[PDB]
$ cat final.txt   # compact mmCIF, C-alpha atoms
# COMPACT_ATOMS: atom_id res chain seq x y z
CA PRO E 1 -27.41 1.03 -8.37
CA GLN E 2 -25.88 3.87 -10.34
CA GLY E 3 -23.31 6.33 -9.04
CA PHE E 4 -19.53 6.26 -8.75
CA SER E 5 -17.47 4.87 -5.87
CA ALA E 6 -13.87 3.68 -5.77
CA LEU E 7 -12.63 0.51 -4.06
CA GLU E 8 -9.88 1.19 -1.53
CA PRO E 9 -7.37 -1.59 -0.80
CA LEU E 10 -7.90 -3.74 2.27
CA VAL E 11 -5.05 -6.27 2.57
CA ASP E 12 -2.37 -7.99 0.50
CA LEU E 13 -1.21 -11.59 0.93
CA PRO E 14 2.21 -12.86 -0.29
CA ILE E 15 1.00 -16.41 -0.92
CA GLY E 16 2.55 -18.57 -3.62
CA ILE E 17 -0.52 -20.63 -4.51
CA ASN E 18 -2.26 -20.75 -7.90
CA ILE E 19 -6.02 -20.42 -8.36
CA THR E 20 -8.39 -21.26 -11.23
CA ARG E 21 -11.83 -21.77 -9.62
CA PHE E 22 -13.80 -20.24 -6.76
CA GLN E 23 -17.00 -20.83 -4.80
CA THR E 24 -19.11 -19.07 -2.16
CA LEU E 25 -20.27 -20.10 1.30
CA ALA E 26 -32.77 -12.89 0.33
CA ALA E 27 -29.45 -14.42 -0.79
CA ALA E 28 -28.13 -12.97 -4.05
CA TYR E 29 -24.77 -11.84 -5.37
CA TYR E 30 -23.44 -10.52 -8.67
CA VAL E 31 -20.36 -11.85 -10.46
CA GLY E 32 -18.44 -9.73 -12.94
CA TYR E 33 -15.14 -10.45 -14.62
CA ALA H 1 7.36 -17.63 -4.49
CA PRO H 2 7.03 -14.44 -2.46
CA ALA H 3 9.61 -13.79 0.23
CA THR H 4 8.05 -14.35 3.66
CA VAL H 5 11.03 -14.35 6.07
CA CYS H 6 13.86 -11.82 6.03
CA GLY H 7 16.38 -10.36 8.44
CA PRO H 8 15.82 -7.24 10.52
CA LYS H 9 16.34 -3.85 8.90
CA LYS H 10 17.91 -0.93 10.75
CA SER H 11 16.88 2.71 11.16
CA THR H 12 18.47 6.06 11.97
CA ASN H 13 17.36 9.51 13.12
CA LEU H 14 15.26 11.96 11.10
CA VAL H 15 16.68 15.29 9.92
CA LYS H 16 14.99 18.29 8.32
CA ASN H 17 15.96 21.37 6.30
CA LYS H 18 19.15 19.83 4.89
CA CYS H 19 19.80 18.32 1.47
CA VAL H 20 20.38 14.73 2.62
CA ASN H 21 20.03 11.33 0.98
CA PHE H 22 16.92 9.49 2.15
CA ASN H 23 15.70 5.89 1.96
CA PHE H 24 11.97 5.71 2.73
CA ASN H 25 11.18 2.02 2.15
CA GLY H 26 13.05 1.64 -1.12
CA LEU H 27 12.49 5.24 -2.25
CA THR H 28 15.83 6.95 -2.87
CA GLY H 29 16.48 10.57 -3.74
CA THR H 30 18.31 13.69 -2.63
CA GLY H 31 16.61 16.80 -1.30
CA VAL H 32 15.63 18.76 1.77
CA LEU H 33 12.84 17.44 4.00
CA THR H 34 10.31 19.60 5.83
CA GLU H 35 6.95 19.45 7.56
CA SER H 36 3.98 19.81 5.22
CA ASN H 37 0.19 20.12 5.32
CA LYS H 38 -1.12 17.92 2.48
CA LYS H 39 -3.54 15.23 3.65
CA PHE H 40 -3.08 11.66 2.45
CA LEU H 41 -5.31 8.59 2.84
CA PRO H 42 -4.85 5.75 5.36
CA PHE H 43 -3.44 3.50 2.61
CA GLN H 44 -1.49 6.08 0.58
CA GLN H 45 2.28 6.37 1.00
CA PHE H 46 3.97 8.34 -1.80

$ encode --input "final.txt" --output "structure tokens"
Amino acid sequence: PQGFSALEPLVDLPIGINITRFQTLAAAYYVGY
Amino acid sequence: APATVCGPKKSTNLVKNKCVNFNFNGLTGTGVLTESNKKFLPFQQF
């Protein structure tokens, strides 16, 4: 839907790992880069 | 690799209405400090 809304921070994690792929566990979801 | 374990860090008393050096979590300056009325957000610091 239209309209404007900001995304406030939730949590930060000081992990040293590296990531390249990701997965996911009426069932729809949008993916934007 | 992010630092995950570090030693304890001390603290002193709080003073107001005097030009005093301050160290508020890595923020360093020199000026007087006083009570204010501006409203921040739960995640906003500076």

$ closest_atom_pairs --input "final.txt" --of "chain H" --to "segment 7-20 of chain E" --cutoff "9 Å" --atoms "all atoms listed in the file" --output "tab-separated table"
residue	atom	partner	partner_atom	distance
H:1	CA	E:16	CA	5.0
H:2	CA	E:14	CA	5.5
H:3	CA	E:14	CA	7.5
H:4	CA	E:14	CA	7.2
H:43	CA	E:9	CA	7.3

$ atom_distance --input "final.txt" --atom1 "atom CA of residue 22 of chain H" --atom2 "atom CA of residue 34 of chain H"
12.6 Å

$ atom_distance --input "final.txt" --atom1 "atom CA of residue 26 of chain H" --atom2 "atom CA of residue 13 of chain H"
16.8 Å

$ closest_residue --input "final.txt" --among "H:12, H:44, H:37, H:28" --to "chain E" --atoms "all atoms listed in the file"
H:44

$ atom_distance --input "final.txt" --atom1 "atom CA of residue 23 of chain H" --atom2 "atom CA of residue 7 of chain H"
17.5 Å

$ residues_around --input "final.txt" --residues "residue 20 of chain H" --least-positions-apart "3" --cutoff "12 Å" --atoms "only C-alpha atoms" --output "PyMOL selection string"
chain H and resi 14-17+23+28-34

$ closest_residue --input "final.txt" --among "H:24, H:35, H:9, H:41" --to "chain E" --atoms "only C-alpha atoms"
H:41

$ closest_residue --input "final.txt" --among "H:25, H:38, H:5, H:19" --to "chain E" --atoms "only C-alpha atoms"
H:5

$ axis_aligned_box --input "final.txt" --around "segment 35-41 of chain H" --padding-each-side "4 Å" --output "lines of an AutoDock Vina configuration file"
center_x = 0.8
center_y = 14.4
center_z = 5.0
size_x = 20.3
size_y = 19.5
size_z = 13.1
